[PDB]
Amino acid sequence: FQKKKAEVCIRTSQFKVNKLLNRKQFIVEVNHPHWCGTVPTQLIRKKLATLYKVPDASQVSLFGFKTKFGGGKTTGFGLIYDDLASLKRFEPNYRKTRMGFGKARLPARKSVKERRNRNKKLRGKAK
Amino acid sequence: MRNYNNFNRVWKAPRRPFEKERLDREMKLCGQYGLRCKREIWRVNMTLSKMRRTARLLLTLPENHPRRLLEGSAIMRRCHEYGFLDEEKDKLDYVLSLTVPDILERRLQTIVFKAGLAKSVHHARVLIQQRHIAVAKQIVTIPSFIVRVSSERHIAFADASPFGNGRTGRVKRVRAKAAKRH
Amino acid sequence: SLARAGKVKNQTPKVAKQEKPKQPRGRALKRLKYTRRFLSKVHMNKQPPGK
Amino acid sequence: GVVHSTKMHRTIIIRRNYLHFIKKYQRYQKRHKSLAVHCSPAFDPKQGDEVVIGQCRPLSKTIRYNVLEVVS
Amino acid sequence: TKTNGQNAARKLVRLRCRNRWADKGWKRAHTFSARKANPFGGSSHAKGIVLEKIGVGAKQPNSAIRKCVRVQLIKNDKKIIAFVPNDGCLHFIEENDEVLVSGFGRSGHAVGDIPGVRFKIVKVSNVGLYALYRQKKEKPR
RNA sequence: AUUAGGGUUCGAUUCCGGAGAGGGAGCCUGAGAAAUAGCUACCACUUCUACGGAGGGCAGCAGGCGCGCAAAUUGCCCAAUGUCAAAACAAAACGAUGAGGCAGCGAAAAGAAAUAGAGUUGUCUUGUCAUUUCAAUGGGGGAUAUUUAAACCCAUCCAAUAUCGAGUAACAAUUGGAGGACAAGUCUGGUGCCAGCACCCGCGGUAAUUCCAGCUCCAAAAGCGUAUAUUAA
Ligand SMILES: [K+]
Ligand SMILES: [K+]
Ligand SMILES: [Mg+2]
Ligand SMILES: [Mg+2]
Ligand SMILES: [Mg+2]
Ligand SMILES: [Mg+2]
Ligand SMILES: [Mg+2]
Ligand SMILES: [Mg+2]
Ligand SMILES: [Mg+2]
Ligand SMILES: [Mg+2]
Ligand SMILES: [Mg+2]
Ligand SMILES: [Mg+2]
Ligand SMILES: [Mg+2]
Ligand SMILES: [Mg+2]
Ligand SMILES: [Mg+2]
Ligand SMILES: [Mg+2]
Ligand SMILES: [Mg+2]
């Protein structure tokens, strides 16, 4: 055992270009032998941005990372959109919330249900 | 409700609960292979009974029967791949001669002990459950892991283990922390 | 007559269980039994003489 | 089937006799089914005659077949 | 001797059907007379109220006073005799206590030297009688 | 389910089919209903009222009350699977959905799997006993974090400059048994046909292989008894 700085390497598989949704689809697996814990998604996003030479790191969407039993590996799914505008248009709201730019949470669904059921008794401007 | 995840049992209890010959024989196996409970032996018993039941059905069929050819080939392939039968014996009749020690010798606990990585079968058991044994660079913590012949040469200490190429274990680390405080 | 219910159990002198070191559990216990029975007419609980 | 009764008007009852196999006892039973069949006046079947019947639309409460051929 | 003909299935079916009623276990399993006579009504257990503590003498050659209680079932208001199954456990029982009663192991048949007793007490006041006997739980109230 | 084979038995319950929406009837609209979170009437039950009057249908989901031997949260969400629909997603601009999914509870059942491992010296080759020394690991505490709709589990880690922890490892395994069937005591106290055990045969009336206890031993083991059905026997 020799102490050394923990360095992660990014490998992609099952790569596909999805021109319908203006993005690239692939499976990303990370080898982190001496990493203490789990590799945060932000670091993997930066390394994928450097690897694929996409101009902006925020164009990369990552999710569903599973750490392999025993350590040293982590496999997830990645998306690289053609531009940031395309990522904001096509990504689901919860993934955009993880990346930072997401819609504010809606009010509790029970409150909406109760308001809707009260209005069904009303009629006109009162509703 | 509306969950379709199948599951099945893997062992059965013996018909006669108190048979001194069976109790002594099972006590021998438990001590010899370091087994936790009789359920591990009975799990091996069901595996053997299913294999022999399949073999007896196939051996009934004519030797040129397509089902016998396909499934007989698969059964022999499985026995050879997992080391139950040696490569010398290739007939379907040799599957019927398999015994409980044949399967138990293929457990990772026995293989680790026989390989010299452990001093005893009990040392092998705790080594496996403590994430020290790796098969093809993959840490295996299951003692009942049946080792294939191909994977037998790839068994060694885990790279993340203190006995392999990993950091120091708990007692050394705690002692170092105490020394730093002291 | 229902009056003598529990007569013997109440008559029995109370003796507390002795404090003893714990036995091993699980696999280690079977190792102990294997070492006692083997690697060492057979009587498993042969007792001292009495009358 | 075989003609069983010709008592109705332009209608006959035929009987289809068959063997039903009981799996447990590996043996057969004799069973029969009776059908009401419309008989055209083109035929004059008698009891015991064998006829060929074809399926048609419901012509009455019980009639679903028509006599197509009579074999003495 | 029996029929053996190739087309003699109906005879064999009728013969077996007629002779199955000779089997007491089969007849009981396919007739409601035992179910209607069963105080539990086909249930594994039943809950009842203790009416009276009684002493049932053991049958010869045994000689003892088997401590039993008279129980009226909640479901159908039928009276049964149930045995209290341990040493001194009759003191855990009181009149008007709610007890859980089970079978005695022989499926409606009297068990042991106890005359015509086919039930035993397993819980009293919603706590296991054997747990009280071993002092693993305390009698409520 | 059980099963050499033949059979025996279960199927309210996820999929398909049918039927019902307290009990009956009748009907409108509509392509399709004899619809019930549609209407009409009667019966039973029942709610509000200012007494003139007006309502209700959980065998949907949660929840109650009863009934019973007997069966969870008045939770979160539409992220996935679908359905409907004027509807792709986005942009002041987020469709509904107790279908469904996710968590809570849950020893029905199923899978894996801890409760220690290596020696040291001495004592009574192996094997016991004492002590005595090394490592190792989880249970658990946490995190740059990961997961997830969000959380929670599971996985990863205890430095990557830099990260908590076993010795009585008190982090202490139980459930039944020890005459026979049936594996395991001709042990020691107590009781004395009593108390009690005992599925059956039987034990107990002063020296109990069977009760109540203690010790020791046996079987299965995170499981083990009991009752009732059922299959084999
Ligand atoms: K949805
Ligand atoms: K004695
Ligand atoms: Mg059904
Ligand atoms: Mg019913
Ligand atoms: Mg249901
Ligand atoms: Mg309907
Ligand atoms: Mg209706
Ligand atoms: Mg409703
Ligand atoms: Mg109505
Ligand atoms: Mg409900
Ligand atoms: Mg229950
Ligand atoms: Mg639902
Ligand atoms: Mg932990
Ligand atoms: Mg989950
Ligand atoms: Mg014996
Ligand atoms: Mg004595
Ligand atoms: Mg468990």
Volume in Å³ per residue [convex hull over Cα atoms, computed for the stretch B:73-170]: 95
At q = 0.20, 0.22, 0.32 Å⁻¹, base-10 log of I(q)/I(0) for chain C (Debye sum, equal scatterers on each alpha carbon): -0.93, -0.98, -1.14
field: P(r) tail fraction, the stretch A:29-96 - alpha-carbon pairs more than 17 Å apart, %
entry: 44
query: Tell me, how many Å apart are the Cα centres for the stretch D:21-62 and for the stretch B:91-106?
result: 61
task: Work out the charge dipole of chain D with +1 on the Cβ of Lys and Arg and -1 on the Cβ of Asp and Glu about the Cα centre, then indicate which of D:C39, D:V67, D:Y18 is farthest towards its positive end.
output: D:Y18
message: Using C-alpha positions alone, give me the convex hull volume of chain D per residue in cubic angstrom.
response: 106
- request: For the stretch B:56-61, just list the computed ³J(HN,Hα) in residue order, Karplus coefficients 6.51, -1.76 and 1.60, θ = phi - 60°, integers in Hz, with x standing in for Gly and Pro.
  value: 4, 5, 5, 5, 5, 5
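Give the residue list of trypsin sites (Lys or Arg not before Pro) in the stretch B:8-67 that are DSSP loop and have at most 10 other beta-carbon atoms within 10 angstrom.
B:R9, B:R15
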- prompt: When only DSSP loop residues count, what trypsin sites (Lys or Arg not before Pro) in the stretch E:23-84 have their Cβ near at most 13 other Cβ atoms within 10 Å?
  reply: E:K75
task: With only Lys, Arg, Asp and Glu charged, each at its Cβ (+1 for the first two, -1 for the last two), find how big the charge dipole of the protein assembly as shown is about the Cα centre; round to the nearest 20 debye.
output: 2380
message: Neighbour counts of other C-beta atoms within 10 Å: give me D:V2, B:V171 arranged from fewest to most.
response: B:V171, D:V2
field: Order by protection proxy (mean Cβ within 10 Å, highest first), peptides C:21-27, D:60-66
entry: D:60-66, C:21-27
statement: Output for the stretch A:52-117: trypsin sites (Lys or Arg not before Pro) sitting in coil per DSSP, at most 12 other Cβ within 10 Å, listed by number, reads A:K53, A:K103, A:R105
- prompt: If the cut-off is 22 Å between C-alpha atoms, which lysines fall inside it for A:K125, apart from same-chain ones fewer than 8 positions away?
  reply: A:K113
task: Could you bin all the Cα-Cα distances of chain E into 10 Å bins starting at 0 and give me the percent of pairs in each, rounded to whole numbers?
output: 11, 33, 25, 13, 9, 7, 3, 0
message: Let me confirm the definition first: pairs of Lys residues in chain D, 8 or more apart or on different chains, C-alpha distance under 21 Å. How many are there?
response: 6
- line: Ranked by GNM mean-square fluctuation in chain B (Cα springs under 10 Å), the top entry among B:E88, B:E71, B:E152 is B:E88
- prompt: Which one of A:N93, A:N117, A:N31 has the biggest mean-square fluctuation once chain A is modelled by GNM with Cα springs under 10 Å?
  reply: A:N117
query: Roughly how many debye, to the nearest 20, is the charge dipole of chain E about its Cα centre, given +1 on each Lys and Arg Cβ, -1 on each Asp and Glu Cβ, and no other charges?
result: 1140
query: What order do you get for B:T99, A:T75 when you list them from fewest to most C-beta neighbours inside 10 Å?
result: B:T99, A:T75
message: Could you tell me which residue out of B:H65, B:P162, B:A136 lies farthest along the dipole of chain B toward its positive end? Charges go on the beta carbon: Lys and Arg +1, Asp and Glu -1, centred on the Cα centre.
response: B:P162
query: Karplus couplings for the stretch B:173-182 from phi (6.51 cos²θ - 1.76 cosθ + 1.60, θ = phi - 60°), rounded to Hz, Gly and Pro as x?
result: 5, 5, 5, 5, 4, 5, 5, 4, 5, 6
- prompt: P(r) for the protein assembly as shown: what percent of alpha-carbon pairs falls in each 10 Å bin, starting at zero?
  reply: 3, 8, 9, 11, 14, 16, 16, 13, 7, 2, 1, 0, 0
- line: Per principal axis, largest first, the Cα atoms of chain B extend in Å by 78, 47, 40
query: Got the relative contact order for chain E handy, in percent, Cα pairs under 8 Å and 6 or more residues apart?
result: 18
query: What list of ³J(HN,Hα) values in whole Hz, one per residue of the stretch A:13-20 in order, does the Karplus curve 6.51 cos²θ - 1.76 cosθ + 1.60 (θ = phi - 60°) give from phi, with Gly and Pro shown as x?
result: 8, 6, 5, 8, 9, 9, 6, 5
- line: With N residues in chain A, Rg(alpha-carbon) / (2.2 N^0.38 Å) equals 1.51
field: Cα-based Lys pair tally, chain C, threshold under 17 Å, eight or more apart or on separate chains
entry: 4
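Sorting E:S63, A:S86 on the 10 Å Cβ count, fewest up front, what's the list?
E:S63, A:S86
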task: Take the Cα atoms of the stretch E:32-86, build their convex hull, and give its volume per residue in Å³.
output: 104
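I'd like the FRET efficiency for C:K9 and B:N3, computed as 1/(1 + (r/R0)^6) with the beta carbon distance as r and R0 of 56 Å, rounded to 0.05.
0.65
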- prompt: So what's the angle, to the nearest 10 degrees on a 0 to 90 scale, between helix E:9-19 and the longest Cα principal axis of chain E?
  reply: 30
field: Dipole magnitude of chain B about its Cα centre (Cβ charges: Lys, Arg +1; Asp, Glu -1), debye to nearest 20
entry: 1400
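Because the Cβ atoms are built from the backbone with ideal geometry, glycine has one as well, and the counts that use them run over all protein chains shown. Coordinate-derived values only; no laboratory data.
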